[PDB]
Amino acid sequence: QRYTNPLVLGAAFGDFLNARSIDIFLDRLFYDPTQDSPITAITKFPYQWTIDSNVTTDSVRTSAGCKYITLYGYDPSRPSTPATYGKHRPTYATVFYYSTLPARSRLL
Amino acid sequence: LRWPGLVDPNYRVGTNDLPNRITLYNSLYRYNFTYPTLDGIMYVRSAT
Amino acid sequence: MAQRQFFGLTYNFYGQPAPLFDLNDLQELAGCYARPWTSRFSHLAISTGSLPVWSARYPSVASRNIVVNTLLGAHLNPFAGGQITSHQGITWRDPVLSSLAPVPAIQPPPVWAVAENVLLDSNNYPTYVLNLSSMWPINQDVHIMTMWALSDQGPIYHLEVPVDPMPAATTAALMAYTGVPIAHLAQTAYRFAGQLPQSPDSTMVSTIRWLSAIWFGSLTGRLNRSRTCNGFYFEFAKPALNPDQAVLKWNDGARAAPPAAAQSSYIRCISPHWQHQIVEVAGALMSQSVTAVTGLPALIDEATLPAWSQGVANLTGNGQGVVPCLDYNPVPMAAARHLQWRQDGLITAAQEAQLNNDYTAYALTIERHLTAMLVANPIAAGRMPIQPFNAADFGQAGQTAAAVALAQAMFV
Amino acid sequence: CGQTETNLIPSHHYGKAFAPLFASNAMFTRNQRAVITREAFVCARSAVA
Amino acid sequence: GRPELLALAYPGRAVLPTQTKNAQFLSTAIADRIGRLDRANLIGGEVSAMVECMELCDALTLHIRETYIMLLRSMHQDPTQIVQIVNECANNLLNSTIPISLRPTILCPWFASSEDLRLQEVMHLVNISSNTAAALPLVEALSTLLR
Amino acid sequence: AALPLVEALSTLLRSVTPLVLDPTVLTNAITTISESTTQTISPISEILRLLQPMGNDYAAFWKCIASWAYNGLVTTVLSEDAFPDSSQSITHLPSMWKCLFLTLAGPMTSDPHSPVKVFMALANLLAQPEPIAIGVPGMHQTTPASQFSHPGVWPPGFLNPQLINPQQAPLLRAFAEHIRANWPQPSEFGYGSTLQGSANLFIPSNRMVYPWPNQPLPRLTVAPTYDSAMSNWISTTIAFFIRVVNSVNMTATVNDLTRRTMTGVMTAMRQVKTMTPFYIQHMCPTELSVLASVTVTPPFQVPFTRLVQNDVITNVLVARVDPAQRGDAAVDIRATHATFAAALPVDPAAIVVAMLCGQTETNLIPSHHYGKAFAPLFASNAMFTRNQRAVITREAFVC
């Protein structure tokens, strides 16, 4: 019955995929969504997959959720291809979640 | 007019006299203020 | 923090075709000054009730208070206008509102927006909202404006006593300031709050709020040498003529009864005498700072309010926090305070109470006559450097004793 | 060719290293200068006017 | 020192031997207001914060001095805030001893707004006449400090 | 003013006390066991350096214990130059011993705040392995214990450690519980006789207060008298440390096996049959009682409260005029004190050695001993002449 943390999950498979430590995350893998409080125990944690505001009182960054994963053969600009827009890059976008309104405001 | 308050019991020695007359006798406020160093105000912890 | 709809209220005119000043007076203002920031104003105010508050232009501190607001009120309508206006005297020294400029040369196109009696929403103007940082110091100033302007009385001052979780850090610091009058503490506070684009860090905030209470509590009677906020009260120095200067004083007698949780009032002064009472005014300036941080219960409901300042945006209502305002006439309160004091047996009425009531009666008289005589000029000339107000306004009524009783029960 | 120390503990190192630096109160004295600067600017203007 | 000054500072002190023009004036004025009406301290076993004395004093001059004081007061900072400033600047690497003591009338006008620092800066920048090399000694010095 | 009073009593009581302080027992313990040929570099030496085997001043030891009992106004504190600078992290073998030191000497301070201290010094070295859940805005991971001079600062997480999730801060939770559970409890001794009562105000004349729990004197010749609060504390502190170190993961860049070494030393500590817990909770209060009534300046005390924050020593007042109908009490003396009450800083090292190295005599006959200790002493009593003085002083005031 125990629910999972999506971000941590993501994070876990991605690192694994890219030959990196994943075990360290497991202590907060079990997470119930019902209680939206990463804040409690993520007091530091990583600055890797996450860029959390230390205790994360303001915000929690998540790793760049990239979508259009290019395939082999597609290297030269071709007009008859899908619009990947190269969203398969390191340089992407910070997936910033915020707890509440004043958190949001202070982030800005 | 030079000493309104001293002259005349009516005047509580801080009434708008400007720019009419320069008063010469009134309540002077004098004060006792030390200049402490910024390094002094607080104790050090050398153990850093 | 960025309370989006930072809507501020400009003052009405006393059955006047024009906003409250004449051209010469505004010239004085803009020109003889420069910055749109309260430094200059505070300079005047600060000088611990020594200098007479009277001048040719400026009858009282409070006078200047009012023409400060009207100045604001008029000159904002320029740049805060829908498509940017600015001329006749003021064409703003840069879009970022840097300084009060006499009309830049080759710049006519932004008109002088002839407005009536109108609230504005700071954040609805793109320039204003871009510059959110620089907006912050002026919003403070804005509030000051609004919260006099809302009404036709002495200032609408807010109070707060958060009971129980009281920072130990606050205590410690605050003690060091013992000896100084409310005035100077206020000054530092405002300066800080402006100087740094305003913080969520409740420190400052809490401190001001506690201070406000202690003052008010003092001023009422509730708080004194023997009934303290842990040691805290404000001491009314010099028991003869009405200048009885409220200094922060720490003496250990009793620790007064911790209220139930969160106690909030707002006071206004019904009587024009407010004008010469730096004490009263300085609380009101305190409560403004408070505002910048905090989303105070939607402003004193229209029940005690002139028709022009009814139905305002999200400000006056009917079924919110603090529906009625607590209202006083300053000279009756002093009496009130002596009452309590005597009821407690702190002191004999015999000589103490008699004497000071004698002096404040005098002070009333002086004030009343000066304010009336000064008002005569504006009440005949096109110029208005003063609060508008009838002789019947001086009246010993306006819910004076209720205020006192409420303030007291608050302390329970 | 970049190297540090063998027994490097930054926390520790920085504690010691930075310590004298912030003992120089001279920083604050700068402030005071700047205000008179401002003041002189302003004063100059109004007189010349 | 110099008893002289007292007389001049306090006319009212003087006794009346003659029925003269000056006497006449002095004898028609409110005498009690000579010297110190109130002294201001509450802290028990410490000296006063201020005195309130009726003195031979020039309003205009007073005013000047009053203002100056109000300016100084505005810049003056309390221990706690000072603590803050340092702790922040220190980025917790460095550490100072926060005292729990009542505040003994602490005169330190050091705090200045950015505003001024800004105009000092520009002033600084402007005085760097035209040659590129002027920046170099400074930046050099910072490099040695860094090293 | 203070110092003659303190010195005096501590001198006399020295003389009075049938004790054999034995630092030499620690000396032998270390020499005998230290992994190898005791002449090693970095562990075994550091212990030697901090404790100083030499101990050229047996007086200071006993003095420092005696000094706890003083308690009137002149309160005793743990000195600052004991705390690890810059927080540090528990990795450090040096630091380990230090905190150990600090902790055992802790409750022999007049300082009320010493539990906060105890806790906080550990929490400082726990920084970096764990994020410490902030309890007060003022209170950070980095904020030295030294600066926690007011009750206002006792962490909410200390006061309710139940709040603190025993996964992320496992050790901290334990340490806190250990405090609250086993820190000495407050008791009382019998002060004097009805001729004067005593020079006490807040406490009924009849009473001394022993923040330590004082026990009777029966047959104390039951060598493992470890049921004493004092001896319990010792163990449990040592225990927690073992717990702490047992995982040995923290010893990056220290390639020599700590656990062996440290266990050995600690167990060494524990093995040292020391009477000082017993003597202090039993014999010494008595010792003190006997003297209290005759002393120049009779002991003046305020109730010690361990963990009761609201009742902790906070302020000491005076007023020659009616509290209610006076004047806003200007300079008062009161305000001069940096603390609740005028504090004197002591040495944790010394108190530690003395706790661990304090033995009882072979030929111990209480009844004999105390008789000989009392008699010369009381012979030179001042009691009656001070009673005279007193009555005079009274009449001076009134006149």
# chains A, B, ... in the order shown; residues from 1 in each chain; ligands from 1

call {"tool": "interface_residues", "arguments": {"of": "chain F", "to": "chain E", "cutoff": "8 Å", "atoms": "only C-alpha atoms", "output": "PyMOL selection string"}}
result
chain F and resi 86+142+146-147+149-150+328-333+335+337-339

call {"tool": "write_last_selection", "arguments": {"atoms": "C-alpha atoms", "output": "PDB file, in the first residue's frame"}}
result
ATOM      1  CA  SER F  86      33.316  26.433  14.405  1.00  0.00           C
ATOM      2  CA  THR F 142      26.114  26.873  13.810  1.00  0.00           C
ATOM      3  CA  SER F 146      28.203  30.025  24.650  1.00  0.00           C
ATOM      4  CA  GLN F 147      25.643  32.377  23.295  1.00  0.00           C
ATOM      5  CA  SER F 149      22.574  32.640  27.985  1.00  0.00           C
ATOM      6  CA  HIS F 150      18.805  32.963  28.423  1.00  0.00           C
ATOM      7  CA  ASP F 328      10.693  53.648  38.217  1.00  0.00           C
ATOM      8  CA  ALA F 329      13.703  52.123  39.769  1.00  0.00           C
ATOM      9  CA  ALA F 330      16.631  53.825  38.129  1.00  0.00           C
ATOM     10  CA  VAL F 331      20.367  52.353  37.878  1.00  0.00           C
ATOM     11  CA  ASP F 332      19.307  49.261  39.997  1.00  0.00           C
ATOM     12  CA  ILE F 333      22.182  47.034  40.667  1.00  0.00           C
ATOM     13  CA  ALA F 335      20.772  45.133  35.829  1.00  0.00           C
ATOM     14  CA  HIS F 337      24.633  41.170  35.932  1.00  0.00           C
ATOM     15  CA  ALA F 338      25.143  39.487  32.587  1.00  0.00           C
ATOM     16  CA  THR F 339      23.195  36.601  33.896  1.00  0.00           C
TER      17      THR F 339
END

call {"tool": "select_by_dssp", "arguments": {"residues": "stretch 104-243 of chain F", "states": "helix (DSSP H, G or I)", "output": "PyMOL selection string"}}
result
chain F and resi 104-108+114-125+145-147+151-153+156-159+161-163+170-182+229-243

call {"tool": "residues_around", "arguments": {"residues": "stretch 49-60 of chain F", "least_positions_apart": "2", "cutoff": "8 Å", "atoms": "only C-alpha atoms", "output": "CSV table (one decimal) with C-alpha atoms, in the first residue's frame"}}
result
chain,number,residue,atom,x,y,z
F,14,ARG,CA,39.1,20.9,52.2
F,21,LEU,CA,42.1,12.2,45.5
F,23,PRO,CA,44.9,11.2,39.8
F,24,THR,CA,47.7,8.5,39.8
F,26,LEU,CA,44.3,7.3,35.7
F,27,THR,CA,48.1,7.6,35.2
F,45,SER,CA,48.8,11.3,23.4
F,46,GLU,CA,45.9,13.7,23.0
F,47,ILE,CA,44.2,12.1,26.1
F,62,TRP,CA,38.4,19.5,45.3
F,63,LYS,CA,37.9,23.2,45.5
F,64,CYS,CA,35.9,23.1,42.2
F,349,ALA,CA,39.1,19.0,33.0
F,350,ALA,CA,39.7,19.3,36.7
F,353,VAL,CA,39.6,14.1,36.9

call {"tool": "interface_residues", "arguments": {"of": "chain C", "to": "chain D", "cutoff": "12 Å", "atoms": "only C-alpha atoms", "output": "compact mmCIF listing (two decimals) with N, CA, C and O atoms, in the first residue's frame"}}
result
# COMPACT_ATOMS: atom_id res chain seq x y z
N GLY C 31 9.39 71.74 -5.90
CA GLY C 31 10.67 72.42 -5.78
C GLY C 31 11.77 72.79 -4.79
O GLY C 31 12.34 73.87 -4.90
N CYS C 32 11.40 73.00 -3.51
CA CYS C 32 12.33 73.50 -2.53
C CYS C 32 12.79 72.12 -2.07
O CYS C 32 13.78 72.04 -1.34
N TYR C 33 12.12 71.04 -2.46
CA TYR C 33 12.58 69.74 -2.02
C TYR C 33 13.25 68.99 -3.17
O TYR C 33 13.88 69.57 -4.05
N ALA C 34 13.22 67.65 -3.18
CA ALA C 34 13.60 66.88 -4.34
C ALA C 34 13.14 65.44 -4.38
O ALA C 34 12.23 65.01 -5.08
N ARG C 35 13.70 64.59 -3.51
CA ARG C 35 13.17 63.28 -3.26
C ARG C 35 11.73 63.04 -2.79
O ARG C 35 11.33 63.63 -1.79

call {"tool": "residues_around", "arguments": {"residues": "residue F:172", "least_positions_apart": "3", "cutoff": "10 Å", "atoms": "only C-alpha atoms", "output": "PyMOL selection string"}}
result
chain F and resi 119-120+122-123+126+132+158+161+164-169+175-178+240+244

call {"tool": "interface_residues", "arguments": {"of": "chain F", "to": "chain B", "cutoff": "9 Å", "atoms": "only C-alpha atoms", "output": "number ranges by chain"}}
result
F: 81, 83-87

call {"tool": "write_last_selection", "arguments": {"atoms": "C-alpha atoms", "output": "PDB file, in the first residue's frame"}}
result
ATOM      1  CA  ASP F  81      37.518  27.654  26.036  1.00  0.00           C
ATOM      2  CA  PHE F  83      33.852  24.270  23.289  1.00  0.00           C
ATOM      3  CA  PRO F  84      34.975  23.248  19.798  1.00  0.00           C
ATOM      4  CA  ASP F  85      35.259  26.178  17.567  1.00  0.00           C
ATOM      5  CA  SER F  86      33.316  26.433  14.405  1.00  0.00           C
ATOM      6  CA  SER F  87      30.972  23.583  15.323  1.00  0.00           C
TER       7      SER F  87
END

call {"tool": "interface_residues", "arguments": {"of": "chain A", "to": "chain C", "cutoff": "10 Å", "atoms": "only C-alpha atoms", "output": "MDAnalysis selection string"}}
result
chainID A and resid 101:103 105:106

call {"tool": "write_last_selection", "arguments": {"atoms": "N, CA, C and O atoms", "output": "PDB file, in the first residue's frame"}}
result
ATOM      1  N   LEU A 101       1.984  30.169  -1.226  1.00  0.00           N
ATOM      2  CA  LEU A 101       2.068  31.501  -1.779  1.00  0.00           C
ATOM      3  C   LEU A 101       3.277  32.307  -1.341  1.00  0.00           C
ATOM      4  O   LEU A 101       3.991  32.873  -2.164  1.00  0.00           O
ATOM      5  N   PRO A 102       3.581  32.459  -0.053  1.00  0.00           N
ATOM      6  CA  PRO A 102       4.753  33.244   0.294  1.00  0.00           C
ATOM      7  C   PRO A 102       6.091  32.640  -0.090  1.00  0.00           C
ATOM      8  O   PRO A 102       6.917  33.366  -0.660  1.00  0.00           O
ATOM      9  N   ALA A 103       6.132  31.314  -0.132  1.00  0.00           N
ATOM     10  CA  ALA A 103       7.211  30.596  -0.771  1.00  0.00           C
ATOM     11  C   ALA A 103       7.449  30.987  -2.219  1.00  0.00           C
ATOM     12  O   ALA A 103       8.511  31.541  -2.486  1.00  0.00           O
ATOM     13  N   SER A 105       6.367  33.784  -3.738  1.00  0.00           N
ATOM     14  CA  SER A 105       6.787  35.175  -3.713  1.00  0.00           C
ATOM     15  C   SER A 105       8.245  35.493  -3.434  1.00  0.00           C
ATOM     16  O   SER A 105       8.983  36.153  -4.167  1.00  0.00           O
ATOM     17  N   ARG A 106       8.834  34.725  -2.515  1.00  0.00           N
ATOM     18  CA  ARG A 106      10.205  34.873  -2.082  1.00  0.00           C
ATOM     19  C   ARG A 106      11.228  34.299  -3.054  1.00  0.00           C
ATOM     20  O   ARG A 106      12.153  35.050  -3.365  1.00  0.00           O
TER      21      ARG A 106
END

call {"tool": "atom_distance", "arguments": {"atom1": "atom CA of residue E:76", "atom2": "atom CA of residue E:105"}}
result
10.4 Å

call {"tool": "closest_atom_pairs", "arguments": {"of": "chain D", "to": "chain B", "cutoff": "10 Å", "atoms": "only C-alpha atoms", "output": "JSON lines"}}
result
{"residue": "D:11", "atom": "CA", "partner": "B:48", "partner_atom": "CA", "distance": 9.1}
{"residue": "D:12", "atom": "CA", "partner": "B:48", "partner_atom": "CA", "distance": 7.2}
{"residue": "D:13", "atom": "CA", "partner": "B:48", "partner_atom": "CA", "distance": 9.0}
{"residue": "D:14", "atom": "CA", "partner": "B:48", "partner_atom": "CA", "distance": 8.4}
{"residue": "D:15", "atom": "CA", "partner": "B:48", "partner_atom": "CA", "distance": 4.6}
{"residue": "D:16", "atom": "CA", "partner": "B:48", "partner_atom": "CA", "distance": 5.8}
{"residue": "D:17", "atom": "CA", "partner": "B:48", "partner_atom": "CA", "distance": 9.1}
{"residue": "D:18", "atom": "CA", "partner": "B:48", "partner_atom": "CA", "distance": 9.1}
{"residue": "D:19", "atom": "CA", "partner": "B:48", "partner_atom": "CA", "distance": 7.3}
{"residue": "D:20", "atom": "CA", "partner": "B:46", "partner_atom": "CA", "distance": 9.6}
{"residue": "D:22", "atom": "CA", "partner": "B:39", "partner_atom": "CA", "distance": 9.9}
{"residue": "D:23", "atom": "CA", "partner": "B:39", "partner_atom": "CA", "distance": 7.4}
{"residue": "D:24", "atom": "CA", "partner": "B:39", "partner_atom": "CA", "distance": 8.7}
{"residue": "D:25", "atom": "CA", "partner": "B:38", "partner_atom": "CA", "distance": 6.9}
{"residue": "D:28", "atom": "CA", "partner": "B:38", "partner_atom": "CA", "distance": 8.7}

call {"tool": "residues_around", "arguments": {"residues": "residue A:23", "least_positions_apart": "5", "cutoff": "12 Å", "atoms": "only C-alpha atoms", "output": "PyMOL selection string"}}
result
chain A and resi 8-9+11-13+15-16+28-29

call {"tool": "write_last_selection", "arguments": {"atoms": "C-alpha atoms", "output": "mmCIF file, in the first residue's frame"}}
result
data_model
loop_
_atom_site.group_PDB
_atom_site.id
_atom_site.type_symbol
_atom_site.label_atom_id
_atom_site.label_comp_id
_atom_site.auth_asym_id
_atom_site.auth_seq_id
_atom_site.Cartn_x
_atom_site.Cartn_y
_atom_site.Cartn_z
ATOM 1 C CA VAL A 8 12.922 10.559 -6.246
ATOM 2 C CA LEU A 9 11.763 7.806 -8.514
ATOM 3 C CA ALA A 11 15.817 10.607 -10.160
ATOM 4 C CA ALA A 12 16.672 7.086 -9.175
ATOM 5 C CA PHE A 13 16.204 5.466 -12.570
ATOM 6 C CA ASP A 15 20.991 8.161 -12.139
ATOM 7 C CA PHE A 16 21.066 4.391 -12.411
ATOM 8 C CA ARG A 28 12.852 9.105 1.557
ATOM 9 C CA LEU A 29 11.478 6.960 -1.253
#

call {"tool": "residues_around", "arguments": {"residues": "residue A:49", "least_positions_apart": "5", "cutoff": "8 Å", "atoms": "only C-alpha atoms", "output": "list in words"}}
result
residues 11, 61, 62 and 63 of chain A

call {"tool": "atom_distance", "arguments": {"atom1": "atom CA of residue C:379", "atom2": "atom CA of residue C:307"}}
result
21.8 Å

call {"tool": "residues_around", "arguments": {"residues": "residue C:399", "least_positions_apart": "6", "cutoff": "12 Å", "atoms": "only C-alpha atoms", "output": "mmCIF file with N, CA and C atoms, in the first residue's frame"}}
result
data_model
loop_
_atom_site.group_PDB
_atom_site.id
_atom_site.type_symbol
_atom_site.label_atom_id
_atom_site.label_comp_id
_atom_site.auth_asym_id
_atom_site.auth_seq_id
_atom_site.Cartn_x
_atom_site.Cartn_y
_atom_site.Cartn_z
ATOM 1 N N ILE C 267 -7.522 52.669 16.560
ATOM 2 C CA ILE C 267 -7.885 53.972 17.064
ATOM 3 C C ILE C 267 -7.875 55.094 16.024
ATOM 4 N N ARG C 268 -8.933 55.899 16.118
ATOM 5 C CA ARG C 268 -8.839 57.266 15.638
ATOM 6 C C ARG C 268 -9.168 58.388 16.605
ATOM 7 N N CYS C 269 -8.525 59.497 16.255
ATOM 8 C CA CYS C 269 -8.753 60.707 17.028
ATOM 9 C C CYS C 269 -9.719 61.711 16.422
ATOM 10 N N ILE C 270 -10.886 61.877 17.045
ATOM 11 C CA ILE C 270 -11.911 62.712 16.464
ATOM 12 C C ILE C 270 -11.718 64.228 16.470
ATOM 13 N N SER C 271 -10.841 64.571 17.415
ATOM 14 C CA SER C 271 -10.515 65.958 17.654
ATOM 15 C C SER C 271 -9.298 66.636 17.043
ATOM 16 N N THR C 304 -18.405 54.458 9.935
ATOM 17 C CA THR C 304 -17.991 55.725 10.504
ATOM 18 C C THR C 304 -17.318 56.681 9.536
ATOM 19 N N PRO C 324 -16.090 48.305 13.841
ATOM 20 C CA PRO C 324 -16.089 49.690 14.278
ATOM 21 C C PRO C 324 -14.731 50.249 14.656
ATOM 22 N N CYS C 325 -14.343 51.508 14.468
ATOM 23 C CA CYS C 325 -13.091 52.072 14.921
ATOM 24 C C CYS C 325 -13.294 52.632 16.317
ATOM 25 N N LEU C 326 -12.246 52.410 17.115
ATOM 26 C CA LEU C 326 -12.131 52.989 18.432
ATOM 27 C C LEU C 326 -11.681 54.445 18.394
ATOM 28 N N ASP C 327 -12.538 55.301 18.948
ATOM 29 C CA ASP C 327 -12.516 56.741 18.796
ATOM 30 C C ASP C 327 -12.439 57.517 20.094
ATOM 31 N N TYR C 328 -11.516 58.487 20.049
ATOM 32 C CA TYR C 328 -11.205 59.372 21.160
ATOM 33 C C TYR C 328 -10.939 60.840 20.853
ATOM 34 N N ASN C 329 -11.295 61.576 21.912
ATOM 35 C CA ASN C 329 -10.911 62.946 22.170
ATOM 36 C C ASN C 329 -9.839 63.016 23.250
ATOM 37 N N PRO C 330 -8.655 63.524 22.896
ATOM 38 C CA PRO C 330 -7.429 63.354 23.654
ATOM 39 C C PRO C 330 -7.502 63.835 25.099
ATOM 40 N N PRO C 332 -10.240 64.191 27.250
ATOM 41 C CA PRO C 332 -10.928 63.207 28.064
ATOM 42 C C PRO C 332 -10.256 61.892 28.462
ATOM 43 N N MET C 333 -9.387 61.423 27.564
ATOM 44 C CA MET C 333 -8.562 60.274 27.898
ATOM 45 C C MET C 333 -7.572 60.367 29.042
ATOM 46 N N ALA C 405 -12.296 51.646 27.371
ATOM 47 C CA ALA C 405 -12.726 50.409 27.978
ATOM 48 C C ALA C 405 -12.392 49.150 27.198
ATOM 49 N N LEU C 406 -12.541 49.291 25.872
ATOM 50 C CA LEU C 406 -12.065 48.260 24.971
ATOM 51 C C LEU C 406 -10.578 47.961 25.014
#

call {"tool": "closest_residue", "arguments": {"among": "F:2, F:275, F:245, F:153", "to": "chain C", "atoms": "only C-alpha atoms"}}
result
F:153

call {"tool": "interface_residues", "arguments": {"of": "chain E", "to": "chain C", "cutoff": "6 Å", "atoms": "only C-alpha atoms", "output": "NGL selection string"}}
result
:E and (74 or 80 or 102-103)

call {"tool": "closest_atom_pairs", "arguments": {"of": "chain B", "to": "chain E", "cutoff": "7 Å", "atoms": "only C-alpha atoms", "output": "Markdown table"}}
result
| residue | atom | partner | partner_atom | distance |
| --- | --- | --- | --- | --- |
| B:6 | CA | E:30 | CA | 5.5 |
| B:7 | CA | E:29 | CA | 4.2 |
| B:8 | CA | E:29 | CA | 5.9 |
| B:9 | CA | E:30 | CA | 5.6 |
| B:22 | CA | E:59 | CA | 6.0 |
| B:23 | CA | E:59 | CA | 5.4 |
| B:24 | CA | E:58 | CA | 4.7 |
| B:25 | CA | E:56 | CA | 4.1 |
| B:26 | CA | E:54 | CA | 5.3 |
| B:27 | CA | E:54 | CA | 4.3 |
| B:28 | CA | E:53 | CA | 5.3 |
| B:29 | CA | E:52 | CA | 5.2 |
| B:30 | CA | E:51 | CA | 5.3 |
| B:31 | CA | E:50 | CA | 4.3 |
| B:32 | CA | E:49 | CA | 5.2 |
| B:33 | CA | E:107 | CA | 6.2 |
| B:34 | CA | E:107 | CA | 5.8 |
| B:35 | CA | E:107 | CA | 5.0 |
| B:36 | CA | E:107 | CA | 6.7 |
| B:42 | CA | E:97 | CA | 5.9 |
| B:43 | CA | E:97 | CA | 4.8 |
| B:44 | CA | E:96 | CA | 5.0 |
| B:45 | CA | E:96 | CA | 5.2 |
| B:48 | CA | E:94 | CA | 5.9 |

call {"tool": "select_by_dssp", "arguments": {"residues": "stretch 121-331 of chain C", "states": "strand (DSSP E)", "output": "PyMOL selection string"}}
result
chain C and resi 157-158+161-162+227-228+232-237+245-250+254-255+262-263+266-269+326-328

call {"tool": "decode", "arguments": {"residues": "stretch 128-140 of chain C", "atoms": "N, CA, C and O atoms", "output": "mmCIF file, in the first residue's frame"}}
result
data_model
loop_
_atom_site.group_PDB
_atom_site.id
_atom_site.type_symbol
_atom_site.label_atom_id
_atom_site.label_comp_id
_atom_site.auth_asym_id
_atom_site.auth_seq_id
_atom_site.Cartn_x
_atom_site.Cartn_y
_atom_site.Cartn_z
ATOM 1 N N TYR C 128 5.143 50.621 -12.385
ATOM 2 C CA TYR C 128 5.071 50.463 -10.942
ATOM 3 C C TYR C 128 5.418 49.063 -10.474
ATOM 4 O O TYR C 128 6.288 48.688 -9.681
ATOM 5 N N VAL C 129 4.726 48.105 -11.080
ATOM 6 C CA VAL C 129 4.954 46.693 -10.852
ATOM 7 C C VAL C 129 6.233 46.037 -11.351
ATOM 8 O O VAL C 129 6.829 45.178 -10.709
ATOM 9 N N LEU C 130 6.781 46.616 -12.429
ATOM 10 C CA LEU C 130 8.113 46.227 -12.828
ATOM 11 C C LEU C 130 9.114 46.411 -11.695
ATOM 12 O O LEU C 130 9.655 45.472 -11.125
ATOM 13 N N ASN C 131 9.087 47.659 -11.196
ATOM 14 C CA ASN C 131 9.945 48.157 -10.138
ATOM 15 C C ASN C 131 9.547 47.959 -8.691
ATOM 16 O O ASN C 131 9.830 48.747 -7.793
ATOM 17 N N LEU C 132 9.165 46.699 -8.431
ATOM 18 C CA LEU C 132 8.718 46.133 -7.186
ATOM 19 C C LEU C 132 9.601 46.298 -5.959
ATOM 20 O O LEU C 132 9.228 46.710 -4.865
ATOM 21 N N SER C 133 10.892 46.142 -6.270
ATOM 22 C CA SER C 133 11.869 46.580 -5.296
ATOM 23 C C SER C 133 11.790 48.043 -4.879
ATOM 24 O O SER C 133 11.688 48.395 -3.705
ATOM 25 N N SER C 134 11.925 48.981 -5.820
ATOM 26 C CA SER C 134 11.839 50.403 -5.539
ATOM 27 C C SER C 134 10.521 51.027 -5.115
ATOM 28 O O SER C 134 10.470 51.941 -4.297
ATOM 29 N N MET C 135 9.473 50.313 -5.544
ATOM 30 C CA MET C 135 8.103 50.385 -5.083
ATOM 31 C C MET C 135 7.948 50.236 -3.572
ATOM 32 O O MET C 135 7.273 51.050 -2.938
ATOM 33 N N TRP C 136 8.733 49.329 -2.985
ATOM 34 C CA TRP C 136 8.624 49.092 -1.563
ATOM 35 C C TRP C 136 8.788 50.166 -0.502
ATOM 36 O O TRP C 136 8.037 50.186 0.476
ATOM 37 N N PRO C 137 9.831 50.976 -0.662
ATOM 38 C CA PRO C 137 9.918 52.154 0.179
ATOM 39 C C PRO C 137 8.806 53.194 0.073
ATOM 40 O O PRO C 137 8.234 53.504 1.123
ATOM 41 N N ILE C 138 8.421 53.528 -1.156
ATOM 42 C CA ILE C 138 7.252 54.348 -1.378
ATOM 43 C C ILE C 138 5.883 53.829 -0.971
ATOM 44 O O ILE C 138 5.093 54.622 -0.475
ATOM 45 N N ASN C 139 5.662 52.511 -0.982
ATOM 46 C CA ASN C 139 4.415 51.928 -0.529
ATOM 47 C C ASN C 139 4.156 52.290 0.934
ATOM 48 O O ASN C 139 3.068 52.759 1.261
ATOM 49 N N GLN C 140 5.217 52.198 1.735
ATOM 50 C CA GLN C 140 5.213 52.636 3.112
ATOM 51 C C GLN C 140 4.634 54.024 3.331
ATOM 52 O O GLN C 140 3.767 54.208 4.185
#
